[PDB]
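Accompanying notes for the structure given below.
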Amino acid sequence: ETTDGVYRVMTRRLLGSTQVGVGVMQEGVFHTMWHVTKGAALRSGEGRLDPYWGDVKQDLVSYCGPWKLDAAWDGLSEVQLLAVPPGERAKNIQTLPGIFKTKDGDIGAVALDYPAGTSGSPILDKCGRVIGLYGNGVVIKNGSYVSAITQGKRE
Amino acid sequence: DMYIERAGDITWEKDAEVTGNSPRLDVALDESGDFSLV
Ligand SMILES: N=C(N)N[C@H]1CCCCNC(=O)[C@H](CCCCN)NC(=O)[C@H](CCCCN)NC(=O)Cc2ccc(cc2)CNC(=O)CCCNC1=O
């Protein structure tokens, strides 16, 4: 299956079948976060997806081709996390991003807490475009999680 | 061996629940891809 959409990343190296993360299929390329697969090969039914591009610092990796997702937080609008938690159905959560302010510029960030196996879930803008992936962030004073809206560079 | 299985379309949900705040944090990104608060 290479149909566009959101996919679970599953392993059987552990007890039962474990969801280690999430990814986005678009234009025949599978996109997820580096820490989900660590650049490892993936299986899709009878076929095999091998890595094409990856960067630990960005924490992203692409399969079967180059990074295809190039939309970005418009700055102003609220967004939606299409969360795919392990063993639970895909669910849209609407939120207004906060901001990670770095020495290299500002990145949107979403203050939503989901299990680790939700890493790779797409964040979308109102027009349905994926503006980044969830699951790389910080834990702040209160102890809850804030994830960067992590996006790659197209072409 | 990891495998993938489809979980849905990529679509905006008009009837989505809305939660989460919008914090502004000053963070550093290290060479290992990890964010840290400053
Ligand atoms: N609520 C959370 N904190 N996490 C969520 C899942 C976060 C989203 C998934 N994405 C990651 O797991 C990435 C994977 C590394 C990316 C590679 N670069 N990790 C991170 O973004 C940050 C980065 C650290 C920055 C500080 N230098 N690491 C942590 O938060 C570790 C952690 C500290 C404390 C806890 C659980 C995990 C306490 N448990 C809970 O509260 C509930 C238990 C279940 N829910 C969770 O586990």
Side-chain angles (χ1 to χ4, degrees), chain A residues 6-11 14-24 30-40 42 51 53-63 67 69 73 79-124 130-140 143-152, chain B residues 2 4 7-8 17 19-38:
Chain A
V6 67
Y7 286 69
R8 301 173 196 273
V9 184
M10 316 290 297
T11 186
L14 322 172
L15 195 63
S17 317
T18 299
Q19 177 173 321
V20 295
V22 187
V24 171
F30 192 60
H31 309 69
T32 187
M33 309 209 75
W34 184 268
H35 72 267
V36 169
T37 73
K38 284 140 220 307
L42 308 172
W53 168 88
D55 190 288
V56 164
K57 183 165 178 184
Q58 292 172 238
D59 197 29
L60 299 173
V61 54
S62 75
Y63 291 88
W67 193 263
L69 317 172
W73 191 30
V79 310
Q80 284 192 353
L81 173 66
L82 177 50
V84 182
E88 302 172 354
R89 226 159 34 235
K91 186 159 202 14
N92 294 70
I93 312 296
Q94 185 159 314
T95 198
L96 176 73
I99 301 171
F100 282 177
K101 275 210 171 246
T102 73
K103 68 162 60 220
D104 284 2
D106 308 349
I107 318 152
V110 298
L112 298 178
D113 209 331
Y114 277 93
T118 316
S119 290
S121 289
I123 306 145
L124 313 81
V130 175
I131 55 161
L133 307 182
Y134 167 96
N136 196 15
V138 295
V139 154
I140 48 155
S144 189
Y145 185 71
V146 188
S147 164
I149 305 171
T150 297
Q151 182 70 292
Chain B
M2 300 187 162
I4 64 184
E17 55 255 90
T19 181
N21 53 305
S22 324
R24 315 186 163 209
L25 298 325
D26 280 57
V27 304
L29 179 69
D30 67 1
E31 198 192 74
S32 272
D34 297 332
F35 286 103
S36 65
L37 211 81
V38 314

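Each ligand, and each atom within it, is numbered from 1 in the order the structure gives. By convention in this document, chain letters (A, B, ...) are assigned in the order of the sequence lines, proteins followed by strands, and residues within each chain are numbered from 1.
- With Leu82(A) as reference, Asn92(A) is the one residue of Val22(A), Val24(A), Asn92(A) to meet the side-chain contact (heavy atoms from CB on, under 4.5 Å) rule.
- Nearest heavy-atom pair across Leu42(A) and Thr37(A) is CD2-CG2, 3.9 Å.
- Among all heavy-atom pairs drawn from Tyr134(A) and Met33(A), the shortest one is O-SD, 3.1 Å.
- Between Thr118(A) and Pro86(A) there is a side-chain heavy-atom pair separated by less than 4.5 Å.
- Under 4.0 Å from any atom of ligand 1, one finds heavy atoms of residues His35(A), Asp59(A), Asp113(A), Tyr114(A), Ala116(A), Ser119(A), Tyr134(A), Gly135(A), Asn136(A), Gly137(A), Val139(A), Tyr145(A), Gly33(B), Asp34(B), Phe35(B).
- For the residue pair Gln80(A) and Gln94(A), the shortest heavy atom distance occurs at NE2-OE1, 3.0 Å.
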Could you pull out all donor-acceptor pairs under 3.5 Å where a side-chain atom in residues 22-37 of chain B meets a protein atom, sequence neighbours excluded?
| residue | atom | partner | partner atom | Å |
| --- | --- | --- | --- | --- |
| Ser22(B) | OG | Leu96(A) | O | 2.6 |
| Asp30(B) | OD1 | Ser32(B) | N | 3.2 |
| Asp30(B) | OD1 | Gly33(B) | N | 3.1 |
| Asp30(B) | OD1 | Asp34(B) | N | 2.7 |

